[PDB]
Structures are given as structure tokens and as C-alpha cells.
């Protein structure tokens, strides 16, 4: 099935009429990423580049925009639904519920199998050169060829008890090394730290590209510390994932992985990394810093391997649909587990996924007999002191009438119900997300503060209940009149799903 095998996922997009196969030569230097960028900016069909200039020995085709949006509102999130065995018309609420469902289920550990398609071909250290592969230059100011935008890094705690799967960027350094971001509080960083403190050896590592779509979704989600993503994906899908051992280490990769790199993440060495055109929409040309360094010892890959690629930047791509939404999902749960009356959470695209709107059950709120200042502080302490709140700099609290999955409605509530200053609490002593330009390239500390809880609950939502109705068609007119108007609409001369 498509959720369990990337090759099947590509076939699913084709059958959905959601994929454009480009069989003429396309340059991995900027052209593939430019086409992908335009797809993302216009919600077009995913591009599959079958004829990439410089592809050799089967490495590699590219699929762009794997988790981006479709044009129609009815199946807007269909490419995400296809990661998860959900109907293509699934709502965001349904997708995030699916992604949270495993959080109160027993893990289903993976099953080891002796081989799989990822072993169809191999290149040893004397046979590959990463500078000879058709690795894309994604943005013209990028500081490297970013091979790794949609693969899963696999690292394991020294004691073997936790195996983490996560997305973090990496670019080619030389024939057999990458550099990339490994930053706190991310799990790749947490595990790296464990190995560094042990001080014995570099971290055994693999990077698998074109993994089971359900696994790349979990890779992008801040599920709890110490939780092995493979078991969470197993529980979510109701099926044990099939993994095969790496040839040169004892880590396990999805059997149907398109391309696998095997090697080490150094506990001592660094190398130049970045800049990269990032999720918030910018590239700071020449802004290169030392990053984590990976050595590649072996490549294995499927016949006619396909590399997924995120051509990320301005709206809308994987960095918005997956980073933002999956963090919002985890934050929703975290708030509920802390006894806060939050029903729903979403990161508005309009905020460049730097905000999360939290829908409040105001019946529950009223029973708490609290105030804005107290509630704001409590919510911000829970979220901004936790890893799930890392990427989010503004929380907007809204009452039950707002659909947080609708950015227009979030912006309306924020703009009209939250008095600047008075209805907000600033948080300066929390971890900040340095990738946001106003953090890393701003006026203050790159790694601390810059966060805010903005309360768009109105005063009576804490006491006696909402005391307005909207000045809109829906609420300011009785049902019988509304229906008459709709029934006579085209008749009168005015204009009128899938």
C-alpha cells in the first residue's frame, strides 16, 4: 500500500491525476527545484523528474513537492492523506488525529526481514562519489547541494533503547561526507549528545530516502523523547513496519527505501553548512556556519531509485504543511495532558507556521474561574518550555466559534479580540527558534525569547459566556431567511465543491 511503500505512493499520485512525469532532460542545478518551487507556490501537481541530467548507475530520479497542497479545496490535503491511507478528501483535523492516534496505543515494534528493494543495488566506498550524483542545487544562493530534504535520519541511543527517525537538512561536503543541521532540542541532537558524552565512537547512522510515507510523516512530528518512531508508526498504521539491516552497521532501514546511505555522524568533526533557503521564506547569502559532519561508507538503492525533494521557502511546501501542522497536533495533545481545555490546534499558513491557534472549550474554561493573565501564563509555560513548542513563537487563544484550521478566521479573531500588550504575555526566558529571521538575524538573542501568548478570548468567555453574535450572513439573519436567499440566489441574478 501507498502509505507503506514510497514507490506505491508515487503510483497513487499518478492515479489521482496529481503527478506530472517529466521524461525530457532536467537539470538538477536549479531547474528541478525551480519547477518544484512554482508547483508549491501554485498548488500544482507533484513533478516527477524521470530524466535528470547527471543520473548514472540508476541514481536517481526526483519527486518534488511530496507533501504540498492540491489546488481544489475538496482534496487540498490529499497528498498528506495519501501518506496515511486516509481518503484524499480528509480534513486537517482527521490527518492530525491520525498522526496522534498512536499516542495512547502500545507500540507495534518493527519486523526484521532478510532483504528488500533497497538492496537491489549497492555502491561501496570505492565506487560512489557524492559530488558525481545529480544532487540538486535547490536555491541559487544555497551553500551546497542539498541531497537531504525529505529523507529520514536514523540514529540510536548508545544503550540501544531508543531509535529515532527524523528529518533534518544535509548537503554534500565532499565525495563521501555530508554536513547538516543537528541542533537542540531535536532528537538527533539529543542522541548525538549521548554519544559525545560516552566519548568512545562516532554515531552509527543511516539516512533513508523514499521511505514509507507514514514513516516520513512521523519523522516530521515531535513525538515524545525516548519514543521509537518505528513503533509509533506501527501502531498508527496497525501494521509492523518491515526493516532490513544495513550492510555496514547494525541499524535497520525500511525494506522499501528508495536510497540508503550508511555511515557515521561525527562526535568531533564539523564542516561548513548552509546557507539554505529555509521554511520562513529567506536565504541569507553567504551565511555559512559549522555544522555536523557525516561520513558515508555505503549506498544501497532500488532499481530506478527516486529521491524525494522539498523545494522549500515561501508558501506552501512540506516545511509548512508538515512541520507546522504536526507540531500543532503535538501541542494540542500536550495541552490536554496538562489539563488545559484545548480542543484543536493548527499553525496558520499565513503566520509562516510561526503561530499556533489553540481553540478553547470555553464551557470548561468558565468552570476554571480564572483570568486572562493567569490562563495565558499557564498555557505559555506548558508549551514554550516543551520541545513540541520549539518552532512556535506566538500562541493565539480563541474560543469555540473559531475554526483554527481556517486562517482567515484566526486572523479575524486575533485582530479583533486580542488587545495588543494588555491581552498578551511575552516570554523571554524560553528557547527560541533561530531559523526565524527575527531570531537568528534579528535584534536579540538568536536562541532565547521572542515568544508570546496572545489571548483572543473575550472577557465574558471566562465568566458567563460569549455575549455577541457575528455581523455575518451566517449569524445575523434567521435560518428561514438565509435559506430563502440561497434558494433564490441564481434566480435573482447572482453567481454560484469538487
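Positions refer to the first chain, counted from 1.
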Between residue 496 and residue 497, the number of deposited residues left without coordinates comes to 1 to 3
Comparing 279 to 287 with 221 to 229, the higher average Cα temperature factor in the PDB entry belongs to 279 to 287
Of 76 to 84 vs 128 to 136, the stretch with the larger average CA B-factor in the entry is 128 to 136
Top Cα B-factor in this entry, restricted to 306, 396, 335, 299, sits on 299
Among 173, 98, 417, 192, the highest C-alpha B-factor in the PDB entry belongs to 173
In terms of its chain's C-alpha B-factors, the third that includes residue 350 is the lowest
Chain thirds by Cα B factor, record data; residue 372 belongs to the middle
Chain thirds by Cα B factor, record data; residue 443 belongs to the middle
Assert third(CA B-factor, residue 437) within chain per record equals lowest
Tertile call for residue 466 (CA temperature factor, within chain, third-based) is the highest
